[PDB]
Amino acid sequence: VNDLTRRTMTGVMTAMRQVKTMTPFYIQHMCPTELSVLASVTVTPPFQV
Amino acid sequence: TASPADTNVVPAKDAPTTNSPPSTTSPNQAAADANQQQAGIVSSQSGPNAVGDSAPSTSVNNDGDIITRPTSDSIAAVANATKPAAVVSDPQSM
């Protein structure tokens, strides 16, 4: 990894870190609501440990 | 929208042993492999998880024996092997 590659990798990684995404918000605040609702309509109830 | 096929999913009849191939060598391992391959998993992606597992098979009796035909037939076979003639013909019979 010469210097040019080193910066390139760094730029790519920080690009991945910086891009906005709603996925974490959906998981923490929205997904549990959907799971709770769906858990009551299937014939087979959820089996968990 | 409200597709029943996605809501009424339950195990099919004869589920625990349906995929078992007919063999006598290692029925439980063979059945386990058949289930794994049937489910769409490929060995190269399951990795070490595929080596030791075993699953129930039709070739295995409830008592834990290797069977090649339904157990009733086995009962029938031994029963038929012993059927003395009901009426015999001998000179001294009164």
# chains A, B, ... in the order shown; residues from 1 in each chain; ligands from 1
$ residues_around --residues "range 11-25 of chain B" --least-positions-apart "3" --cutoff "6 Å" --atoms "only C-alpha atoms" --output "PyMOL selection string"
chain B and resi 31+56-57
$ interface_residues --of "chain A" --to "chain B" --cutoff "10 Å" --atoms "only C-alpha atoms" --output "PyMOL selection string"
chain A and resi 38+41-44
$ write_last_selection --atoms "N, CA and C atoms" --output "PDB file, in the first residue's frame"
ATOM      1  N   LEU A  38     -46.965  -8.198  12.885  1.00  0.00           N
ATOM      2  CA  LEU A  38     -46.940  -9.423  12.098  1.00  0.00           C
ATOM      3  C   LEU A  38     -46.946 -10.656  12.981  1.00  0.00           C
ATOM      4  N   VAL A  41     -50.550 -12.355  13.382  1.00  0.00           N
ATOM      5  CA  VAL A  41     -51.397 -12.752  12.273  1.00  0.00           C
ATOM      6  C   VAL A  41     -51.001 -14.099  11.680  1.00  0.00           C
ATOM      7  N   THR A  42     -49.740 -14.499  11.790  1.00  0.00           N
ATOM      8  CA  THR A  42     -49.320 -15.774  11.232  1.00  0.00           C
ATOM      9  C   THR A  42     -49.937 -16.928  12.007  1.00  0.00           C
ATOM     10  N   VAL A  43     -50.169 -18.034  11.301  1.00  0.00           N
ATOM     11  CA  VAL A  43     -50.662 -19.235  11.962  1.00  0.00           C
ATOM     12  C   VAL A  43     -49.652 -19.726  12.984  1.00  0.00           C
ATOM     13  N   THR A  44     -48.374 -19.714  12.622  1.00  0.00           N
ATOM     14  CA  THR A  44     -47.329 -20.164  13.526  1.00  0.00           C
ATOM     15  C   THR A  44     -46.817 -18.975  14.324  1.00  0.00           C
TER      16      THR A  44
END
$ select_by_dssp --residues "chain B" --states "helix (DSSP H, G or I)" --output "PyMOL selection string"
chain B and resi 4-6+15-17+27-38+43-50+71-80
